[PDB]
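Have a look at the structure below before the remarks.
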Amino acid sequence: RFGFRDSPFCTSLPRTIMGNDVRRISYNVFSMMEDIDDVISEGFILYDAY
Amino acid sequence: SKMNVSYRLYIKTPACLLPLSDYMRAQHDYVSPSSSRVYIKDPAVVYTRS
């Protein structure tokens, strides 16, 4: 609506992308992850934090 | 030796002595660990991110 180039805002965070639900990881779990390089390839949603 | 010596003392042959013909009984093996090994001088720190 605002005519932004590569807008970082969404009306609501997608429930599904390409027919599959987006992975959700809590911040505490994400902080301790040692296989983060594989995880960020697909994309995820960080929650359980402010 | 036969005339002037009066009394003689005998003991069992010490195991230290070895004849020269039996030199191969002195061959022994020692193992030194590989030089690629590195020995650690630093402690291990325990932590968690909850």
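Positions of Cβ are generated from backbone atoms using ideal geometry, with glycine treated the same way; all protein chains shown enter the neighbour counts. Since every read-out is calculated from the coordinates, none of them should be taken as a lab result.
Just wondering, is there one or more residues in the range A:8-22 that are of a type in the set (D, E, K, R) and surrounded by 10 or more Cβ atoms within 10 Å (Cβ to Cβ)?
To start, the set of residues in the range A:8-22 that are of a type in the set (D, E, K, R) comprises A:15, A:21.
Filter again for surrounded by 10 or more Cβ atoms within 10 Å (Cβ to Cβ), leaving A:21.
Yes, that holds for at least one residue.
I'd like the full set of residues that are out of contact with any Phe, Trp or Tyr (no Cβ under 7 Å at 6 or more places or on another chain) and surrounded by 10 or more Cβ atoms within 10 Å (Cβ to Cβ), limited to the range A:23-39.
Of the residues in the range A:23-39, the ones out of contact with any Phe, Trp or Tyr (no Cβ under 7 Å at 6 or more places or on another chain) are A:27-39.
Matches in the range A:23-39: A:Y27, A:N28, A:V29, A:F30, A:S31, A:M32, A:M33, A:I36, A:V39.
State which residue is nearest to the other protein chains (Cβ to nearest Cβ) when the search covers only the range A:21-41 and only residues that are farther than 18 Å from B:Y47 by Cβ and in a helix (DSSP H, G or I).
A:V39
Can we say A:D48 is more than 12 Å from the chain's Cα centre (by Cα), within 14 Å of chain B (Cβ to nearest Cβ) and under 20 Å from B:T48 (Cβ atoms)?
yes
Just to be sure I understand the filter: pairs with C-beta atoms under 8 Å, separated by 6 or more residues or on different chains, first member in the range B:25-50 and within 30 Å of A:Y27 (Cα to Cα), second member surrounded by 10 or more Cβ atoms within 10 Å (Cβ to Cβ). Which pairs pass?
B:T48/A:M32; B:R49/A:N28; B:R49/A:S31; B:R49/A:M32; B:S50/A:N28
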